[PDB]
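Accompanying notes for the structure given below.
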Amino acid sequence: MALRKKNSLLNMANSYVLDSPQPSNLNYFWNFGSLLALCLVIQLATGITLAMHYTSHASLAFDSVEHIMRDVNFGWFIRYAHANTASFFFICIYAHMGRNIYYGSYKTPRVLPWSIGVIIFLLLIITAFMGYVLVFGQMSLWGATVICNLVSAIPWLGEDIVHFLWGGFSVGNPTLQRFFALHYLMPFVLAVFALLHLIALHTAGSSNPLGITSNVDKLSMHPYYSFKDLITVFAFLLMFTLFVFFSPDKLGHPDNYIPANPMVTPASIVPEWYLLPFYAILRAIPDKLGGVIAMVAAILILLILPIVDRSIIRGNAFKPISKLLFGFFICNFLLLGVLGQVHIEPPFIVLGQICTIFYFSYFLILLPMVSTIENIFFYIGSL
Amino acid sequence: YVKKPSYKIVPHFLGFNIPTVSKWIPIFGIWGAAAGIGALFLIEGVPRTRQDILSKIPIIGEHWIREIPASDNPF
Amino acid sequence: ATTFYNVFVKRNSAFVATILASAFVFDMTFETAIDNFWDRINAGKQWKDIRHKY
Amino acid sequence: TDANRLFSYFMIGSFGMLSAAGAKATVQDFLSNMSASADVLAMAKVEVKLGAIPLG
Amino acid sequence: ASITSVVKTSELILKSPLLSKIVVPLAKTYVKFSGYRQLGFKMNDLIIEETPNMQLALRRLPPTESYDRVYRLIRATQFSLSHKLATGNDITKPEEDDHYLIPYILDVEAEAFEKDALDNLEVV
Amino acid sequence: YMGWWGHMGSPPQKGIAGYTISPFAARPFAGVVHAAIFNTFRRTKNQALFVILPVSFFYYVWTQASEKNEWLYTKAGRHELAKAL
Ligand code: HEM
Ligand code: HEM
Ligand SMILES: CCCCCCCCCCCCO[C@@H]1O[C@H](CO)[C@@H](O[C@H]2O[C@H](CO)[C@@H](O)[C@H](O)[C@H]2O)[C@H](O)[C@H]1O
Ligand SMILES: CCCCCCCCCCCCO[C@@H]1O[C@H](CO)[C@@H](O[C@H]2O[C@H](CO)[C@@H](O)[C@H](O)[C@H]2O)[C@H](O)[C@H]1O
Ligand SMILES: CCCCCCCCCCC1=C(C)C(=O)C(OC)=C(OC)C1=O
């Protein structure tokens, strides 16, 4: 017996990256998993490096980031790499979630990797939110303030919890130092859950674009998907290069180059782009607690896809109506994103409410109805 | 003479029926109490818990009404 | 003993409820007991013992 | 006998009870580090003049 | 959704003259646009099989039907990975799109659902 | 639902012969130009409506909303803005 199979440690690596039996027909949308692993590795390397030069104290934080930009050898690169990769991490995670929803990756027998996935997504949001606060510019401070006051909506104890999370009566030094410690920790937690969702997946293996079993026709993960993953790695690195070296501030907010000022509130406080759809959903509900519930529900509702999808067939490749509905759902999610950064003005107020209703009605009404009807059309249509 | 056995199907969902669930209703009750006692115990230190809940309990409630003398309080 | 077993111990829900209620009582009474004992063995030494002069 | 079993559950129960009380004490004391530290609580008072402030 | 559900509802529609008049033509166009026949699949090849019920139904397929299904899956996987469509005799003609599996799954489910009912019987 | 090499969980396979040639024996880019033009056109044509319809609808919605918003905050839009608030 080959050493890679015989030795228990080597065999675990072997089972995931070498002998792992894959469908022979995965398309390029199956490459986001490895891109997400790449983002995670880049964030760990750059993040730990920034931590060697960053000071978490509120009197020095903003300046320590300037010191990184100006004095540390290649500090500018490490900083911009870290900041831009946070955006790329969300592009890849939305693509990966998009792939999963289109191809029915959430259906049995893959409910568990999907449900762990939803938690990974929440951990990414928290990680990225805390990291953004660390700069302690104007957007940092006010971002923390507003988002850490969503906990005030919790009845009775809510305000007490807010002061507990701040370590005082406002966002300040205690908050910044605790966000540093938790920002450092969260990516490790996230890596553990990423490993868990893969272990959970390994019982069924990867789904594939046709939605049928691949047990009939398997390909080793290496060399086929190893070399196919390299193409998207280099396509990613090209995109990375164009942002990091030629346009490092395109995805950012100029106001974060102003040091935090608790007195002055900036003209417009918007979150980072990748949080914008959830912020639009929150604005849609006038009630404080209503808005918070809606915003959280917008993520947790992903957990019910296994139930509300009534189809006897996995994925959308062969479902023309489901494909149209999916197209509208995705574009609405982008419109919500755009509405997250407009001013609270007519007519965007009502538009945001309509888009919010459409978002939720996808899960609660349309997908259950459409999937029921398509079942019937497949049966009658092929008689 | 009997021609057919005499039975009906009771309503069921996800393999639960009302006769079974009804036997467990009390158990959910006690678990709810356990969770209640446990939760309240966890937040007994929170000043709001003392102010709003614990100090209001008759007889016992004076355990949670304790004042620092103004002479001993820097704040 | 049968009665006690049947009420507090037989069902785990009841047993865990009893344990947690006991923990709550223990916590409150032990606090008070130690406070008094600590004050007696350290009598005349603590701020509370000299505070009255000031 | 029920008395025989009840004794051993008393020992198990006591152990569970002290473990519950000990965990609660541990959690409460430990997490309190995250509440405002003594220096934060010291900031509390500011005097402002009013003569300088014009109407409107 | 269970195959039983889908089959029963379909039969209610096919019964109603009005309903069938409006649904059957839609279903036929749906199937044309679906395009699974262009990869040489039969409709039943697409049904989710990773369930106890479906594993049992597949084990009960006659060996010849079973061997042919394996071939259609492998062939379709090869079209998929090559980004080609079936041509000529590989295209499933409407007359070849037979519900070879539906009888087996309906029997498996019949028993499974009867078992659930009888697990909840009450002596009257 | 998935086994491992030798016992993957496939139904029994019989009657299929598979053939292929070595990577060194093949031209990796054979028929690349035909694929790049004709194959891509076919694949794109067949998916075009599923992208065009939702994109165009949501772009139209946005365009209308943003144009109205711009107009409401001009002098001309004073009265309509007053009503809207
Ligand atoms: C750090 C973030 C993540 C990493 C590194 C990661 C990585 C991977 C990898 C390597 C795979 C196998 C290859 C592939 O299909 O692309 C995969 C599959 C999967 N992931 Fe993720 N993932 C992450 C986040 C998520 C999230 C947020 C979700 C869901 C909300 C998710 C759900 C899934 C599912 C369902 C599959 C199986 C899809 C299939 O092959 O059919 N993952 N992931
Ligand atoms: C999933 C992984 C990670 C994500 C998504 C992430 C995201 C972010 C983001 C968005 C920022 C704000 C960047 C800016 O605009 O300047 C940031 C800053 C920071 N992150 Fe991370 N981060 C990750 C991992 C890590 C890790 C593992 C460390 C290890 C300490 C770390 C350390 C830092 C430090 C020190 C800063 C502040 C300096 C700066 O702003 O560049 N990060 N992170
Ligand atoms: C992704 C990075 C690479 C590092 C590997 C990831 C670490 C996670 C590995 C630990 C989880 C346990 O992983 C588990 O390992 C065993 C053997 O290793 C695999 O077992 C599989 O392969 C072996 C031989 O290769 C066969 O005996 C077995 O029939 C098959 O199921 C499991 O399918 C996998 O779930
Ligand atoms: C994961 C579970 C989440 C829920 C748990 C919530 C815990 C968060 C902080 C707990 C609240 C702390 O609340 C506060 O605790 C301290 C610490 O014992 C108590 O303080 C008390 O004991 C400490 C020593 O233990 C003495 O120095 C002090 O004189 C006395 O007042 C206060 O009486 C209580 O008001
Ligand atoms: C389940 C929800 C996960 C946590 C989401 C938090 C990040 C997005 C929150 C929105 C947000 C709110 C509510 C908000 O009001 C605000 O406006 C001032 C923002 O800019 C700081 C925001 O980012």
- Item | Values of log10 I(q)/I(0), in the order q = 0.05, 0.09, 0.10 Å⁻¹, for the protein assembly as shown under a Debye, Cα-only, solvent-free model | -0.39, -1.16, -1.33
- When all C-alpha to C-alpha distances in chain B are sorted into bins of 5 Å, what percent of pairs does each bin hold, rounded to whole numbers? 3, 11, 11, 11, 11, 9, 7, 7, 7, 5, 4, 4, 4, 3, 2, 1, 1, 1, 0
- At 25 °C and 0.890 mPa s, what whole-number value in µm²/s does Stokes-Einstein give for the translational diffusion of chain C, with Rh from the Kirkwood sum over Cα pairs? 173
- Message: Let me spell out the model: positive unit charges on the Cβ of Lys and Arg, negative unit charges on the Cβ of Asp and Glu, origin at the Cα centre of chain B. What dipole size does that give, in debye rounded to 20?
- Response: 940
- Query: For peptide F:21-27, how many partner chain Cβ atoms fall within 10 Å of a residue's Cβ, on average?
  - Reply: 0
- Hey, what number do you get for chain A at 222 nm if only DSSP H runs of n ≥ 4 count, each worth -39500 (n - 2.57), divided across all residues, to the nearest 500? -20500 deg cm²/dmol
- Message: Angle check, please: helix F:40-72 long axis (alpha carbons) against the longest principal axis of chain F (alpha carbons), in degrees 0 to 90, nearest 10.
- Response: 20
- Helix-only CD estimate at 222 nm, as mean residue ellipticity for chain D, using -39500 (n - 2.57) per DSSP H run (n ≥ 4): -21000 deg cm²/dmol
- Using the Kyte-Doolittle scale, which helices in chain A average at least -0.5 and also have C-alpha atoms spread 20 Å or more along the helix axis, with helices defined as whole DSSP H runs? A:32-51, A:75-102, A:111-133, A:173-201, A:221-241, A:320-339, A:367-382
- Take F:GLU70, E:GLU95, E:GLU50, A:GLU345 and order them by how many other Cβ atoms sit within 10 Å, fewest up front. E:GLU95, F:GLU70, A:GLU345, E:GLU50
- Task: Treat the count of other C-beta atoms within 10 Å as a stand-in for reagent exposure and order C:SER13, B:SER22 from fewest to most.
- Result: B:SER22, C:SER13
- Message: Please compute the average number of Cβ atoms from other chains found within 10 Å of each residue's Cβ in peptide E:26-38.
- Response: 6
- Considering the options A:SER8, A:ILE231, A:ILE258, tell which one lies farthest towards the positive end of the dipole of chain A, charges being +1 on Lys and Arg and -1 on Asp and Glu at the Cβ, about the Cα centre. A:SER8
- Starting from the Cα of F:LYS14, draw a straight line to each of the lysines and keep only those under 21 Å, dropping any in the same chain fewer than 8 residues away. A:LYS218, E:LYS42
- By average C-beta atoms within 10 angstrom, highest first, the peptides A:154-165, A:88-99: A:88-99, A:154-165
- Packing-based exposure ordering (other Cβ within 10 Å, fewest first) of A:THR241, A:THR127, E:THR4: A:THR241, E:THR4, A:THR127
- Taking every residue in F:53-60, how many Cβ atoms of other protein chains lie within 10 Å of its Cβ, on average? 5
- Quick calc: nm separation of the 7 Å Cα→Cβ label points for A:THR55 and A:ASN27 -> 5.3
- Positive minus negative residues near E:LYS84 (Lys, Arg vs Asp, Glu; Cβ under 12 Å): +2
- Item | For A:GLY137, residues with placed amide H under 5 Å, excluding near neighbours | A:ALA260
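Cβ: placed from backbone, ideal geometry, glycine included. Neighbour counts: every protein chain shown. Coordinate-derived values only; no laboratory data.
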